[PDB]
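J.: There's a structure below that I have some questions on.
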Amino acid sequence: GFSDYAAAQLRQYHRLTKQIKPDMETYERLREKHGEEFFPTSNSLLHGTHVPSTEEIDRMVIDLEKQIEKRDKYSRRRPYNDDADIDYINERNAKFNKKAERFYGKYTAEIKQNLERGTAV
RNA sequence: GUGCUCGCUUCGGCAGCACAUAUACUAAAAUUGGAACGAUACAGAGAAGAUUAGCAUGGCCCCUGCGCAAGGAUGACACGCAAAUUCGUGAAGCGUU
Ligand SMILES: [Mg+2]
Ligand SMILES: [Mg+2]
Ligand SMILES: [Mg+2]
């Protein structure tokens, strides 16, 4: 179940962070260029220095577009059958009756049987 | 401007001294814009059938009123394809390591 906005974030982060692959060439290049400060503390100096080249920002933009697509596929539309006896006259009435069947559907299980058998019992 | 000068010294002038010491949104204007109902056509008053009392609520909406009264159509407006972070099952067919 859902239970939190942070647990779905954590699941989504584990997915993205397992999908990524690091490049050791760029890593060792920047390590050899930066030297002493490549293992920084909270307070070293480099906060206002990095300028990423075009390939890095292109990779970030493509990854973020894929992430936006994965987010937009979150609520899949359930298929609409017209064989069920419809009990709504609007477009919002159908979804409100669906919410009523979600919440009160466990309790109001005898009266629907009474209705379908002819208002008896 | 006025007065006093044992001022020249006449009643003409001049000299000295004293008192008196800074108005005006500066126009009888040139300009510059936003504005008077109200007439012109249109336009028609909320609450799930119809006929209807209303009291609110919110603010780059005001009017009448001295009003922290009360009115203005319940003063008007508000009416919205009301979507905010973040997904997974199972088999089935096809291609692939
Ligand atoms: Mg009123
Ligand atoms: Mg009325
Ligand atoms: Mg009102």
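Following the order of the structure tokens, chains are lettered A, B, ..., residues in each are numbered from 1, and ligands are numbered from 1.
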Only residues of chain A matter here; which ones have an atom within 12 Å of chain B, counting only C-alpha atoms (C1' of nucleotides)? Give them as a ChimeraX atom specification.

T.: /A:1-13,15,67-68,70-76,91-92

J.: If you count only C-alpha atoms (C1' of nucleotides) and all ligand atoms, which residues end up within 8 Å of ligand 2, as a PyMOL selection string?

T.: chain B and resi 52-54+73-74

J.: Export C-alpha atoms (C1' of nucleotides) of the chosen residues as a PDB file, in the first residue's frame?

T.:
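selection38.pdb, freshly written:
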```pdb
ATOM      1  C1'   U B  52     -39.655  32.212  -3.893  1.00  0.00           C
ATOM      2  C1'   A B  53     -37.472  35.083   2.469  1.00  0.00           C
ATOM      3  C1'   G B  54     -32.939  35.701   3.041  1.00  0.00           C
ATOM      4  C1'   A B  73     -30.921  41.237  -7.111  1.00  0.00           C
ATOM      5  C1'   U B  74     -29.397  37.085  -0.993  1.00  0.00           C
TER       6        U B  74
END
```

J.: Could you check which of B:56, B:95, B:61, B:67 is closest to ligand 1, using only C-alpha atoms (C1' of nucleotides) and all ligand atoms?

T.: B:56

J.: Would you mind reading off the distance between CA of residue 61 in chain A and CA of residue 29 in chain A, one decimal, in Å?

T.: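 Computed distance, CA of residue 61 in chain A to CA of residue 29 in chain A, equals 23.2 Å.
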
J.: For the atom pair CA of residue 85 in chain A and CA of residue 117 in chain A, what is the interatomic distance in Å to one decimal place?

T.: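 That distance, rounded to one decimal, is 15.2 Å.
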
J.: To check your reading of the model: which residues sit at most 9 Å from ligand 1 when counting only C-alpha atoms (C1' of nucleotides) and all ligand atoms? Write the answer as a ChimeraX atom specification.

T.: /B:55,70-72,74-75

J.: For the helix (DSSP H, G or I) assignment from backbone DSSP, which residues of range 14-106 of chain A qualify? Please present them as a VMD selection string.

T.: chain A and resid 14 to 19 24 to 38 54 to 72 92 to 103

J.: So that I have them on file, write out the residues from the current selection with N, CA and C atoms, as a short mmCIF file (atom, residue, chain, number, x, y, z; two decimals), in the first residue's frame.

T.:
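Generated output (result_27.cif):
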```cif
data_model
loop_
_atom_site.label_atom_id
_atom_site.label_comp_id
_atom_site.auth_asym_id
_atom_site.auth_seq_id
_atom_site.Cartn_x
_atom_site.Cartn_y
_atom_site.Cartn_z
N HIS A 14 15.53 4.08 -5.64
CA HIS A 14 16.28 2.82 -5.77
C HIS A 14 16.23 2.31 -7.21
N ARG A 15 15.09 2.51 -7.88
CA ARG A 15 15.00 2.14 -9.30
C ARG A 15 15.95 2.97 -10.16
N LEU A 16 15.89 4.31 -10.04
CA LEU A 16 16.77 5.17 -10.83
C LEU A 16 18.24 4.96 -10.49
N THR A 17 18.56 4.70 -9.23
CA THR A 17 19.94 4.63 -8.80
C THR A 17 20.54 3.26 -9.07
N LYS A 18 19.71 2.23 -9.25
CA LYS A 18 20.20 0.98 -9.80
C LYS A 18 20.32 1.02 -11.32
N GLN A 19 19.53 1.86 -12.00
CA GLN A 19 19.63 1.90 -13.46
C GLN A 19 20.87 2.63 -13.95
N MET A 24 34.11 5.45 -15.44
CA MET A 24 35.35 5.51 -14.68
C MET A 24 36.39 6.42 -15.32
N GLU A 25 36.29 6.67 -16.62
CA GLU A 25 37.26 7.52 -17.30
C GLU A 25 37.12 8.97 -16.86
N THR A 26 35.89 9.50 -16.91
CA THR A 26 35.61 10.85 -16.44
C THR A 26 35.87 10.98 -14.94
N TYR A 27 35.58 9.91 -14.19
CA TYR A 27 35.81 9.88 -12.75
C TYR A 27 37.29 10.02 -12.41
N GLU A 28 38.13 9.19 -13.04
CA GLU A 28 39.56 9.24 -12.77
C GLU A 28 40.19 10.51 -13.33
N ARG A 29 39.63 11.04 -14.43
CA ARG A 29 40.09 12.31 -14.98
C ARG A 29 39.85 13.46 -14.01
N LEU A 30 38.63 13.57 -13.49
CA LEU A 30 38.31 14.64 -12.55
C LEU A 30 39.02 14.43 -11.22
N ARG A 31 39.27 13.17 -10.85
CA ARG A 31 40.03 12.87 -9.64
C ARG A 31 41.48 13.34 -9.76
N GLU A 32 42.11 13.04 -10.90
CA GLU A 32 43.50 13.45 -11.11
C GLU A 32 43.61 14.96 -11.29
N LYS A 33 42.56 15.60 -11.81
CA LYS A 33 42.60 17.05 -11.94
C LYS A 33 42.38 17.74 -10.60
N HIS A 34 41.51 17.20 -9.75
CA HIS A 34 41.14 17.90 -8.52
C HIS A 34 42.03 17.56 -7.33
N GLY A 35 42.59 16.35 -7.27
CA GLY A 35 43.59 16.02 -6.27
C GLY A 35 43.14 15.97 -4.82
N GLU A 36 43.57 16.96 -4.04
CA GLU A 36 43.35 16.95 -2.59
C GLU A 36 41.88 17.15 -2.25
N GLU A 37 41.16 17.93 -3.05
CA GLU A 37 39.81 18.36 -2.74
C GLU A 37 38.75 17.43 -3.35
N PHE A 38 39.17 16.31 -3.93
CA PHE A 38 38.23 15.37 -4.54
C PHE A 38 37.45 14.58 -3.50
N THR A 54 28.23 19.88 -22.03
CA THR A 54 26.98 19.60 -22.74
C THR A 54 26.51 18.15 -22.67
N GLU A 55 27.43 17.19 -22.62
CA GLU A 55 27.03 15.79 -22.60
C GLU A 55 26.40 15.41 -21.26
N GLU A 56 26.87 16.02 -20.17
CA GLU A 56 26.34 15.74 -18.84
C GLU A 56 24.92 16.27 -18.71
N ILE A 57 24.70 17.50 -19.16
CA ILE A 57 23.38 18.11 -19.07
C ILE A 57 22.41 17.45 -20.05
N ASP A 58 22.91 16.95 -21.18
CA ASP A 58 22.05 16.20 -22.10
C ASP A 58 21.62 14.87 -21.49
N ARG A 59 22.54 14.18 -20.81
CA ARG A 59 22.19 12.94 -20.13
C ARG A 59 21.18 13.18 -19.02
N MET A 60 21.35 14.28 -18.27
CA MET A 60 20.42 14.64 -17.21
C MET A 60 19.03 14.94 -17.76
N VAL A 61 18.96 15.68 -18.87
CA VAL A 61 17.67 16.06 -19.45
C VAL A 61 16.94 14.83 -20.00
N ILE A 62 17.67 13.91 -20.65
CA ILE A 62 17.04 12.70 -21.18
C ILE A 62 16.53 11.80 -20.05
N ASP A 63 17.34 11.65 -18.99
CA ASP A 63 16.93 10.87 -17.83
C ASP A 63 15.70 11.48 -17.15
N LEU A 64 15.66 12.81 -17.07
CA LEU A 64 14.54 13.47 -16.40
C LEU A 64 13.27 13.41 -17.24
N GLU A 65 13.41 13.40 -18.58
CA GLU A 65 12.24 13.19 -19.44
C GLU A 65 11.69 11.78 -19.28
N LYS A 66 12.57 10.78 -19.19
CA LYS A 66 12.13 9.41 -18.93
C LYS A 66 11.44 9.30 -17.57
N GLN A 67 11.94 10.04 -16.58
CA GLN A 67 11.33 10.02 -15.25
C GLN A 67 9.96 10.69 -15.25
N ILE A 68 9.80 11.76 -16.04
CA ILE A 68 8.50 12.42 -16.18
C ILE A 68 7.50 11.48 -16.86
N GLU A 69 7.97 10.72 -17.86
CA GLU A 69 7.09 9.75 -18.52
C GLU A 69 6.65 8.64 -17.56
N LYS A 70 7.59 8.13 -16.76
CA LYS A 70 7.27 7.10 -15.77
C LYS A 70 6.31 7.63 -14.71
N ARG A 71 6.43 8.91 -14.37
CA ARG A 71 5.47 9.51 -13.44
C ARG A 71 4.10 9.68 -14.09
N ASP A 72 4.06 10.02 -15.38
CA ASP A 72 2.78 10.27 -16.05
C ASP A 72 2.02 8.97 -16.29
N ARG A 92 -19.06 13.07 -13.52
CA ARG A 92 -18.52 13.01 -12.17
C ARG A 92 -19.33 12.08 -11.27
N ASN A 93 -20.61 11.88 -11.61
CA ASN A 93 -21.49 11.01 -10.84
C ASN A 93 -21.01 9.56 -10.89
N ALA A 94 -20.46 9.14 -12.03
CA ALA A 94 -19.94 7.78 -12.15
C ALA A 94 -18.77 7.54 -11.20
N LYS A 95 -17.85 8.51 -11.12
CA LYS A 95 -16.70 8.35 -10.25
C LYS A 95 -17.08 8.48 -8.78
N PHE A 96 -18.10 9.30 -8.47
CA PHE A 96 -18.57 9.37 -7.09
C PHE A 96 -19.29 8.09 -6.68
N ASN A 97 -20.03 7.47 -7.60
CA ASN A 97 -20.64 6.18 -7.31
C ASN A 97 -19.59 5.08 -7.19
N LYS A 98 -18.49 5.20 -7.94
CA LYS A 98 -17.36 4.29 -7.77
C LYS A 98 -16.72 4.44 -6.40
N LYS A 99 -16.62 5.67 -5.90
CA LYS A 99 -16.07 5.89 -4.57
C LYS A 99 -17.01 5.36 -3.49
N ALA A 100 -18.32 5.49 -3.72
CA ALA A 100 -19.31 4.93 -2.81
C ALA A 100 -19.25 3.41 -2.80
N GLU A 101 -19.02 2.79 -3.96
CA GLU A 101 -18.84 1.35 -4.01
C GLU A 101 -17.52 0.92 -3.38
N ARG A 102 -16.51 1.79 -3.42
CA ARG A 102 -15.26 1.51 -2.70
C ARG A 102 -15.48 1.50 -1.20
N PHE A 103 -16.07 2.56 -0.66
CA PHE A 103 -16.14 2.71 0.79
C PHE A 103 -17.31 1.94 1.40
#
```
